[PDB]
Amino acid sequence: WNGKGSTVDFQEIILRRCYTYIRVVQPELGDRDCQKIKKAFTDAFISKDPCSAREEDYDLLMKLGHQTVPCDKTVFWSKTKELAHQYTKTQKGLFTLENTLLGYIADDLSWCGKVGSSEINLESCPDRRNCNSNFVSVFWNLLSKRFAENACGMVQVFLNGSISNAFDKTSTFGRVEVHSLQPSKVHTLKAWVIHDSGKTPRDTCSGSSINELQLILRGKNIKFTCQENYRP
């Protein structure tokens, strides 16, 4: 396969990350059993064809690691994920997918089982282009969809103004997350198009791509606002 091999010591790593999260990051979940969770995670993919993954495989793990973030605190970085680093002081209240319990332990990891094997596969794993039904992609796709479904109150997405078409419909935010936001929980989506100072912007709030988004939200009966901000 073309995708990265299973991260070495994966099982240990998700267990440690889980414990840190329910001890240091969010003591409020100190109640969870990080051990049951680790095992739920492995059972999901271990010893199965790595291209046969289905969301229903993660049912248990999703139940064990449930979490609802505070209303008004859900955030999305679209094609602006590395960029989040300059805004970090401003972001201390907000929750990205990576900030959820499940997003936090799975962050930057890779995993795939194999038929006839009780062990992860260290050599390689099928990536999204090998087969979309690989276990890592099914997981992130399913996590994002759920994150957006549980989003409440006001929601915000950070977009790139240094690129043509800051709002991208092939981005996971444009293809999946916005559509999973619920009119019954989310009253408005706030979009920020970030510009590096002193340069002509390749896309604006006035632009075609941001109008595209506004039309999506208009269809779900959700208010949309757009503001342009020079990064700090």
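Counting begins at 1, following the sequence as shown.
In this crystal structure, the stretch out of 192 to 200 and 64 to 72 whose C-alpha atoms carry the higher mean B factor is 192 to 200. Between the stretches 95 to 103 and 110 to 118, it is 110 to 118 that shows the larger average CA temperature factor. The maximum CA B-factor among the listed residues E56, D33, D168, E177, taken from the PDB record, is found at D33.
The PDB entry assigns its highest CA temperature factor, among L142, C131, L83, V136, to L83. Annotation for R17: C-alpha temperature factor in the middle third relative to the rest of the modelled chain, per the entry. The entry lists a Cα temperature factor for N229 that places it in the highest third of the chain's modelled residues. Sort the chain's modelled residues by C-alpha temperature factor and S164 lands in the highest third, per the entry. In this PDB entry, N150 carries a Cα temperature factor that places it within the middle third of its chain's modelled residues.
The entry lists a Cα temperature factor for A40 that places it in the middle third of the chain's modelled residues.
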